Amino acid sequence: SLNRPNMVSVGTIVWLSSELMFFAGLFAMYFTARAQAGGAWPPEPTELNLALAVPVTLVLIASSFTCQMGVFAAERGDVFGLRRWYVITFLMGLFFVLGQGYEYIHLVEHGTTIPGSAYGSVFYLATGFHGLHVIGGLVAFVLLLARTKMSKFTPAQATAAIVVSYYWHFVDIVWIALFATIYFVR
Amino acid sequence: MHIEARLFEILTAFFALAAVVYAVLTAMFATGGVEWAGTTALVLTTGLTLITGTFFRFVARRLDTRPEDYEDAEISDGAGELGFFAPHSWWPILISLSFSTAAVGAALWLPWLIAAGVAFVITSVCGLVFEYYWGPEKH
Amino acid sequence: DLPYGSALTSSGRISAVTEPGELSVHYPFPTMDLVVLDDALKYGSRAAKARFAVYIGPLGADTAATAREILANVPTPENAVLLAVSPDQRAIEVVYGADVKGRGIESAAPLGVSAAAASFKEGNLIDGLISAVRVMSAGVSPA
Amino acid sequence: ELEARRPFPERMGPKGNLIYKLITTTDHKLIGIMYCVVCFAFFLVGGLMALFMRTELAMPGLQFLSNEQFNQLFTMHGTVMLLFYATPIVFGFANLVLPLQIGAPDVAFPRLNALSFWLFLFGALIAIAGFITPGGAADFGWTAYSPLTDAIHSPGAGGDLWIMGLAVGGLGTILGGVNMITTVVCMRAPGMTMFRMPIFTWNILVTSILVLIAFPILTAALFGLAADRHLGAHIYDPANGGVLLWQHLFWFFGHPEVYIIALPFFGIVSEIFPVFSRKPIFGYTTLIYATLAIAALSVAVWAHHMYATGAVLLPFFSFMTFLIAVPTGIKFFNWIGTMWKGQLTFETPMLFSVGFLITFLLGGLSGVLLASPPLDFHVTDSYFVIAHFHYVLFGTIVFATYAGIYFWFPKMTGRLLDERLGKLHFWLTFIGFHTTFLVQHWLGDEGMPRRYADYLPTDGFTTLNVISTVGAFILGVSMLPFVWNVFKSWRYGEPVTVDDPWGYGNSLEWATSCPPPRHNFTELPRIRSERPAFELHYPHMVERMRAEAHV
Amino acid sequence: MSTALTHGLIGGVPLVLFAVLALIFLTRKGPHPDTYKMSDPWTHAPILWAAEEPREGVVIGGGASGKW
Ligand code: HEA
Ligand code: HEA
Ligand SMILES: CC(C)=CCC/C(C)=C/CC/C(C)=C/CC/C(C)=C/CC/C(C)=C/CC/C(C)=C\CC/C(C)=C/CC/C(C)=C/CC/C(C)=C/CC1=C(C)C(=O)c2ccccc2C1=O
Ligand SMILES: CCCCCCCCCCCCCC(=O)O[C@H](COC(=O)CCCCCCCCCCC)COP(=O)(O)O
Ligand SMILES: [Ca+2]
Ligand SMILES: [Cu+2]
Ligand SMILES: [Mg+2]
């Protein structure tokens, strides 16, 4: 029987709740800069494309499923299923990062930079900090997959997998808020 | 564990009320607009407590009463097996030093120092996480 | 469990209390003198490999053999030397275990007794004690 | 019946007894001790800066100091003695006794607990290291207003080290907060329910919850400012509405910060009062509600720190600031009711805990006046607000801290601090404190603004400045007896061996030895009430305790 | 005003206050009991001090005696 709370999970939950207030600053800056826009909020050089941000968002929304499948495999004692699903998750995350980088290059070429405008500052700051969190998540995947083959698959390793999944479900839920508030509510 | 769950939603109710009051009272008879800076903070302060409250509620519904949650409980009930705690480790100081190096690099804008700091941070975190999992040497 | 604010715990240990601003040791000697005697005992136990002990209290009606049944209370009673002094009745006794035999104690114990008696001509209860311990510890060989 | 003991206990350990188990340590007790030592080491440096800026401000004209030096000096004093001394001492007190109070053998995530300490120390060092540069440290106040802090108006390197040091230091606080929440929630003894743990634990729990809100937004703001200074972004541009973005973001942090360093020191005195009064705590249930109410209120109260602008909704913040002053009154009344009709004895802890009451009341009374915008219209950025926050800070951070130190020194060390050498300390620190801060109300009212390096002879205020300087040097010499006492009463001093040097002890840490073993406990009593050590000792009174409680 | 008076007063008062408060408190008697004289009856409980070195019915042999 199980009759205790997992404290490795409560620790990560409270930390993830605290980390939500970090993005509060970025959201505040965005909404403050948007207010003093006057006319068109995205200025003349800025042209947002939905031809690249939509597929990337869909990929970042398909990673959670695979991640949860890996977690489901973890709870049974399956060490191989976890590895397969986590590798797929890693690849999808890498796709997200490369897509975002490509969009950055495209935007910079047409004259939307950090020192160029007030829009550019907030846009790049918010999306760059999110990218940094994603890279941290990828590093976590690599570290966990490296640890899964050091020793026998004990419940502690399953707990580690579950908490890493928690973290991932926090990088893709904060990107559906940003995508909704940037590309739709302009 | 109901007291823990209640302590968070008690705050959640107040935070939601404060955010809603602030947003409306600023829209009318307040110079400018809706005061996006203060409104943004409170609507995420509520979320901070909401996440923890919901998680605690689910955990409390999952598991039954513990010796800690029992009024007339005996010391003999909790006897058994706690779990694992690290006796000693010298990795934390290395992690702190790595982060300090990265910070000093970022302060004076020395990209090489930043790169070195990031490499050190990754190595130190790897050392910390792979501490009680390394197997014996193979020879 | 007898004194005020004492209780017998589930492990058999005692937990006592003191009044705010009171002491719990209350020896009638200065702290620095206690430090000197402590380090003297500590460094005399080394270099001789036999632990030294000191007794201050009543020696009842025998003053020669009641200082012998109390040697059994010190840790490792064999390979241990004890100096018992009686303030009420002028008496010095030296008692040593069967593991100290032939290590130089026989020719040392009179010297320690003499040092203690000589220093007891004044109110130097603790000064003579340290002198006696120092003289006795310097005669016993580790072997 | 008759055991063998040592004439005096051992003074110190042998060679190589401390050094290695100082960098690899995992024990929470040792971490708390290190907190305390480093915090006091920083306190002395901060006090030296205050002495420097107080000496120059006794006579008109720049005698030995400069404008730049004075600016950097008050910027660094208020930073060091607020973020490098005050915040970490909270976690110092939390690491000493909280696991003992809850009946746990350890905290959750101990390696994280050590990582927090090291983050603290190195962040503090990198922030202070701004004095090594030829330019100097930060010279723009601890508040860091815009656009004074951009690269145009503050192009120094000290100001960047300031930001980066604060950012490094802030991570340890959050890690400590999550650690304390987890420890309280999970690590409890059988029969220790939520409503049976001491008030100190409740205060630390709610303080950690408040930390989890306050600090991340400050980190975000610091990152934004670094982005502006190093990448040439437009975040806090005045044309962009960024002069007041910074103020909102900063004061969302700033006021919860000043409540982070209040509640734990409420809990310390709330623990000390019942012991020396031979009487239980008064209104146990209502105290936790007061704590919860003030903690909840201290989030929607942030703009009372910016009235002199023209861009806040005055009624909202004024009303909330008025409301945040009720449960503090409840706490005061509960303390007075705890002391009422008891057997009072004034040892060193009790003396400091009483001094706290006298100081904090006037501090809070002055604080309530500032909450009305008409009154703050004349008195903001003057020497009256300085008097306010010094009275209100010096009660919780000095008197309560010293009370806790005198209380828990024997518990943690096994030695007793001297008494005739602590009364001198208290009286010096009490006489020398009012002499240096009481006349600043008049200074602020008469038209002396804050952060002034110089004044003219024909200004009127010179005598009121001499008095403050006289008083400040008594606050400098008051530290000598305390440091001497701690240094001399560590190797020597009266052995305890009684595991309760005060008697009538209430909490669970007084049910173990002085000092406690590695794993804190060798046995546990039965938890039935919130006074387990008073249940264990004096069983005869148990029935009385259940009969006289309600009136 | 009167730099001699200012400097001679911001640095003189603390020392006098310290001296007075050190006369008041540090001249009192503490809780440490008075020394035992070898001219009064021994009233304290028995002592039996011992050492802790070497670390970790009884067969014995030998003795001595004394007098003062
Ligand atoms: C948090 C708690 C705290 C503490 C403990 C103190 C301590 C003191 N403070 Fe204050 N102070 C603040 C909180 C505190 N302060 C804050 C939040 C600010 C805002 C900053 C800003 O303006 O930006 C401030 C700023 C401030 C000013 C503003 C100056 C101006 O604007 O013009 C003044 C003016 O007199 C003042 C006075 C004092 C005095 C006389 C002490 C005395 O109690 C200190 C004397 C104590 C000592 C301990 C002296 C020690 C020295 C030795 C014994 C020498 C040896 C040392 C070495 C060898 C290293 N402080
Ligand atoms: C550090 C601890 C601390 C605490 C506890 C407080 C507590 C309070 N503070 Fe704050 N405050 C600071 C630290 C603190 N503060 C600092 C550091 C600054 C300056 C920052 C800077 O700008 O540099 C500051 C500045 C500050 C300002 C801005 C002033 C200005 O910049 O001009 C205001 C304005 O509203 C304020 C109000 C209050 C109020 C109403 C309380 C209340 O918490 C106190 C209430 C207490 C009581 C009321 C007494 C007890 C009550 C009773 C006995 C019942 C009596 C009932 C009635 C009177 C009705 N303080
Ligand atoms: C005798 C003498 C000259 C000594 C001077 C000593 C001295 C006063 C040093 C100050 C150094 C610093 C960091 C100054 C800033 C103030 C400050 C923060 C002080 C330290 C504070 C402190 C104790 C905090 C905690 C410690 C901590 C967290 C770490 C400190 C940061 C560290 C470790 C940095 C220092 C490392 C250092 C000095 C290395 C320089 C060595 C070399 C050869 C660098 C030169 C160099 C250059 C110049 C390149 O351009 C370059 C480009 C691409 C690749 C490489 C390099 C490269 O190596
Ligand atoms: C200081 C923290 C800020 C972090 C925000 C992350 C930025 C995301 C990168 C987006 C690229 C856009 C560049 C652009 O259009 O302008 C470019 C300049 O931007 C940069 O140089 C970005 C470098 C930022 C450093 C990366 C992170 C720092 C590491 C610190 C770790 C502690 C070109 O502009 P320009 O040609 O001058 O008009
Ligand atoms: Ca002057
Ligand atoms: Cu305030
Ligand atoms: Mg102002």
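A few remarks follow.
- Flag for D:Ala293 being within 16 Å of ligand 3 (Cβ to nearest atom) and either of a type outside the set (A, V, I, L, M, F, W, C) or surrounded by fewer than 21 Cβ atoms within 10 Å (Cβ to Cβ) (or both): no
- Identity of the residue in region D:56-91, within 11 Å of ligand 5 (Cβ to nearest atom) and part of a helix (DSSP H, G or I), that ends up nearest to the other protein chains (Cβ to nearest Cβ): D:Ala58
Conditions tested, residue by residue: (1) in a helix (DSSP H, G or I); (2) away from ligand 7 (no atom under 16 Å from the Cβ); (3) surrounded by 20 or more Cβ atoms within 10 Å (Cβ to Cβ); (4) within 14 Å of chain B (Cβ to nearest Cβ).
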{"residue": "D:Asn17", "(1), (2), (3), (4)": "no, yes, no, no"}
{"residue": "D:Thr24", "(1), (2), (3), (4)": "no, yes, no, yes"}
{"residue": "D:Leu30", "(1), (2), (3), (4)": "yes, yes, no, yes"}
{"residue": "D:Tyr35", "(1), (2), (3), (4)": "yes, yes, yes, no"}
{"residue": "D:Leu44", "(1), (2), (3), (4)": "yes, yes, no, no"}
{"residue": "D:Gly47", "(1), (2), (3), (4)": "yes, yes, no, no"}
{"residue": "D:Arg54", "(1), (2), (3), (4)": "yes, yes, yes, no"}
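- Apart from one condition, A:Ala180 fits all of (1) in a helix (DSSP H, G or I); (2) over 28 Å from A:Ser18 (Cα atoms); the exception is (2).
- Count - residues of region D:101-146 that are surrounded by fewer than 19 Cβ atoms within 10 Å (Cβ to Cβ) and either within 13 Å of chain B (Cβ to nearest Cβ) or not in a loop (DSSP other than H, G, I, E, B) (or both): 8
- Cβ-Cβ under 7 Å pairs, at least 6 apart or on other chains, region B:5-34 side acidic (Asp, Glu), far side surrounded by 14 or more Cβ atoms within 10 Å (Cβ to Cβ) and in a helix (DSSP H, G or I): B:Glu9/B:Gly53
- Set C:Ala67, C:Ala61, C:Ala40, C:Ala48: member being in contact with a helix residue (DSSP H, G or I) (Cβ under 8 Å, 6 or more places away or on another chain), more than 7 Å from every other protein chain (Cβ to nearest Cβ) and assigned to a loop (DSSP other than H, G, I, E, B): C:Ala48
- Residue in region A:111-127 that is more than 14 Å from every other protein chain (Cβ to nearest Cβ) and assigned to a helix (DSSP H, G or I) present: no
- For D:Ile268, the test of being crowded, with 23+ Cβ neighbours inside 10 Å, more than 11 Å from chain A (Cβ to nearest Cβ) and either within 16 Å of ligand 1 (Cβ to nearest atom) or under 28 Å from A:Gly11 (Cβ atoms) (or both) is passed.
- Matching entry among B:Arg57, B:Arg61, B:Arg6 (being at the interface with chain D (Cβ under 10 Å from one of its Cβ atoms) and assigned to a helix (DSSP H, G or I)): B:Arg6
- Selected residue (criterion: nearest to the other protein chains (Cβ to nearest Cβ)) from residues of region D:529-551 that are part of a loop (DSSP other than H, G, I, E, B) and under 32 Å from the mean Cα position of the chain (by Cα): D:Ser529
- Summed over region D:473-525, the residues that are assigned to a loop (DSSP other than H, G, I, E, B) and either more than 9 Å from chain C (Cβ to nearest Cβ) or surrounded by 18 or more Cβ atoms within 10 Å (Cβ to Cβ) (or both) give a count of 25.
- Candidate set from region D:114-137 (those that are of a type in the set (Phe, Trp, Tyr) and under 27 Å from B:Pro87 (Cβ atoms)); member that is nearest to ligand 3 (Cβ to nearest atom): D:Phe122
- Residue list for region B:77-101, restricted to those being more than 7 Å from chain D (Cβ to nearest Cβ), over 23 Å from the mean Cα position of the chain (by Cα) and not in a helix (DSSP H, G or I): B:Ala79, B:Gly80, B:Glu81
- All of D:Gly310, D:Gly364 fail the test of being in a helix (DSSP H, G or I), of a type outside the set (A, V, I, L, M, F, W, C) and away from ligand 5 (no atom under 16 Å from the Cβ), apart from D:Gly364.
- When the test is whether a residue is within 14 Å of chain E (Cβ to nearest Cβ) and either within 16 Å of ligand 6 (Cβ to nearest atom) or touching a helix residue (DSSP H, G or I) at 6+ places or on another chain (Cβ under 7 Å) (or both), D:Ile397 does not pass it.
- Single residue of D:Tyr289, D:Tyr284 found to be within 14 Å of chain B (Cβ to nearest Cβ) and either more than 16 Å from ligand 4 (Cβ to nearest atom) or closer than 21 Å to D:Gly395 by Cα (or both): D:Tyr289
- Condition met for E:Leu9 (in a helix (DSSP H, G or I), surrounded by 10 or more Cβ atoms within 10 Å (Cβ to Cβ) and out of contact with any strand residue (DSSP E or B) (no Cβ under 9 Å at 6 or more places or on another chain)): no
Because the Cβ atoms are built from the backbone with ideal geometry, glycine has one as well, and the counts that use them run over all protein chains shown. Computed from the coordinates by the stated procedures, all read-outs in this text should not be read as laboratory data.
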